[PDB]
Amino acid sequence: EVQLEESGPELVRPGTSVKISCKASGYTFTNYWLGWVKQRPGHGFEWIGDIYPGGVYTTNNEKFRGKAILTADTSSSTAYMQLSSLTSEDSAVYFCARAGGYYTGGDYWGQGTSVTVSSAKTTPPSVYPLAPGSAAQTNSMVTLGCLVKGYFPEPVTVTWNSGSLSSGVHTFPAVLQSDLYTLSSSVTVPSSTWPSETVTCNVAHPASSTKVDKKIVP
Amino acid sequence: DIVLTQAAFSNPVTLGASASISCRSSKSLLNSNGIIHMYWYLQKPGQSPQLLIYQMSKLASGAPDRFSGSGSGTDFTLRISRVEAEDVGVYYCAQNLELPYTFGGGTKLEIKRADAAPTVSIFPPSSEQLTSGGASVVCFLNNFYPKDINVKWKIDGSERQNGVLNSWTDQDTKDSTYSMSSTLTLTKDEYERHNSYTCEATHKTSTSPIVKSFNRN
Ligand SMILES: [Zn+2]
Ligand SMILES: [Zn+2]
């Protein structure tokens, strides 16, 4: 198994620089091109550049001249991309990809690195339980939820019962407002099992190094 | 810039039926070396892109053989012999013939399934929120089809447009439905001046909207 493991989410101030990495394993690092692509929230893909670690050779998108620089460390099988003079236009998920060979495309992909470029301050989420009671909730299934409000930046990770409850979960995309994000998650379980079988949402916000667990009680 | 033009959406495709997605390039993608620099990628919600087809018609490793591609060197087609529910996502064409390499805008594949009414659940503000001076009323509208839906909030019977925040899921990879969340955010002060809170959904599965509500007292 070829693996491309990217560095974690970044919150950085405009005008600064950031260097994100992609650690490759499972193949001869120097024998394959690695490329980088940008995806702004809700948009398509933009290609940034390719690097051949056995060179070192690079091919670049001139739209990013002066802004992006690609490097590779053969000693650690890691590729790097540095982004400078950052603005909110650079806020995006960046992916690294391995080029399968002679023009056979990006066959293996990293998980992406979220970069947020902002002056706003990191803010932990408030997590509120959504429980039924003021109106008998349907009959065979019951819907519960969590309201995750007032955090910055993206992302948060939402699970239920630390991931052991996954069927019937709906976690909604966050919406930004007033410089803070709000997200919701619902979970639907059999009526006969709540509250006997407890239900708890787990909301992780790595940017603020905070996780909060909220048990949903009647 | 070589421009790759794709439709933003597919017609809804019946599960198990064939589908096609097209891309047109502003320039031939065939080289003098005999190589056609056309690729098809798929991105599923919350996932990294997956290569499906390379050099216009070659099947990528890890891609199911339900996928195939063809083209003239200028015009291209991705085909799906039998669509599966898990194939929902955005399909991108791309070129690396010339710098800068570019992508098409992506085509969303939509699965056609039977109509389904939203299951609507409404929730008053938690005590924890009220203590901070806030009052969010949440309405979930889950597992409906088709995606077209309108939500209206009413306070004491009067439409409220202010303070609503809506979020929508992508089509579910298992049951091909959609879900939506709508949150009306008030201050505690204002929330405690009124009594009835109502979430109303307009959807093709009902003449009258589906209404969920509660009374604060
Ligand atoms: Zn669902
Ligand atoms: Zn009022």
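Here the Cβ positions follow ideal geometry from the backbone for every residue, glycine too, while neighbour counts run over all protein chains shown. What is reported rests on the model, the rules as stated and the sources as named; no laboratory instrument gave them.
Couple of notes before you dig in:
- Qualifying residues in segment A:7-51 (those that are over 20 Å from the mean Cα position of the chain (by Cα) and crowded, with 17+ Cβ neighbours inside 10 Å) - the one farthest from B:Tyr101 (Cα to Cα): A:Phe29
- The one condition from (1) surrounded by 18 or more Cβ atoms within 10 Å (Cβ to Cβ); (2) more than 9 Å from every other protein chain (Cβ to nearest Cβ); (3) of a type in the set (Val, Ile, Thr) that B:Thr131 does not meet is (1).
- Breaking point among (1) more than 16 Å from ligand 1 (Cβ to nearest atom); (2) under 22 Å from the mean Cα position of the chain (by Cα); (3) outside any loop (DSSP other than H, G, I, E, B); (4) within 12 Å of chain B (Cβ to nearest Cβ), for A:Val187: (1)
- Set A:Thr78, A:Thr16, A:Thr87, A:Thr74: member being touching a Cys at 6+ places or on another chain (Cβ under 7 Å) and more than 14 Å from chain B (Cβ to nearest Cβ): A:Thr78
- Residue satisfying condition, being surrounded by 16 or more Cβ atoms within 10 Å (Cβ to Cβ) and assigned by CATH to the domain that holds B:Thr205, within set B:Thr119, B:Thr77: B:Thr119
- Identification of strands (runs of 3 or more DSSP E) wholly contained in segment B:155-210 with 3 or more residues that are touching a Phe, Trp or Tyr at 6+ places or on another chain (Cβ under 9 Å), within 11 Å of chain A (Cβ to nearest Cβ) and within 16 Å of ligand 1 (Cβ to nearest atom) yields B:178-187.
- Cβ-Cβ distances below 9 Å connect the following pairs, each with a first residue in segment B:101-123 that is without any contact (Cβ under 8 Å) to a residue 60 or more places away in the chain, a second residue that is assigned to a loop (DSSP other than H, G, I, E, B), and a separation of six or more residues or different chains: B:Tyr101/A:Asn61; B:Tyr101/B:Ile2; B:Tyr101/B:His37; B:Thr119/A:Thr138; B:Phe123/A:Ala131; B:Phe123/A:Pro132; B:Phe123/A:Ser134.
- Boolean, B:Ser136 is within 16 Å of ligand 1 (Cβ to nearest atom), among the hydroxyl-bearing types (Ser, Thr, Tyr) and in contact with a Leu (Cβ under 9 Å, 6 or more places away or on another chain): no
- If you go through segment B:150-183 and pick out every residue that is within 20 Å of A:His170 (Cβ to Cβ) and either within 12 Å of ligand 2 (Cβ to nearest atom) or of a type in the set (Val, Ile, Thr) (or both), you end up with 6.
- Of all residues in segment B:73-118, those being part of a loop (DSSP other than H, G, I, E, B), of a type in the set (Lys, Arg) and farther than 30 Å from B:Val211 by Cβ number 1.
- Residues that are more than 8 Å from every other protein chain (Cβ to nearest Cβ) and among the small types (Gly, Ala, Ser) within segment B:80-108 comprise B:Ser81, B:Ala85, B:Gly89, listed in sequence order.
- Test: residue in segment B:189-207 that is among the polar types (S, T, N, Q) and within 17 Å of the chain's Cα centre (by Cα): no
Residue-by-condition table, conditions (1) surrounded by 16 or more Cβ atoms within 10 Å (Cβ to Cβ); (2) under 19 Å from A:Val142 (Cα atoms); (3) not charged (D, E, K, R):
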position	(1), (2), (3)
B:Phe144	yes, yes, yes
B:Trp153	yes, no, yes
B:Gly163	yes, no, yes
B:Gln171	yes, no, yes
B:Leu186	yes, no, yes
B:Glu190	no, no, no
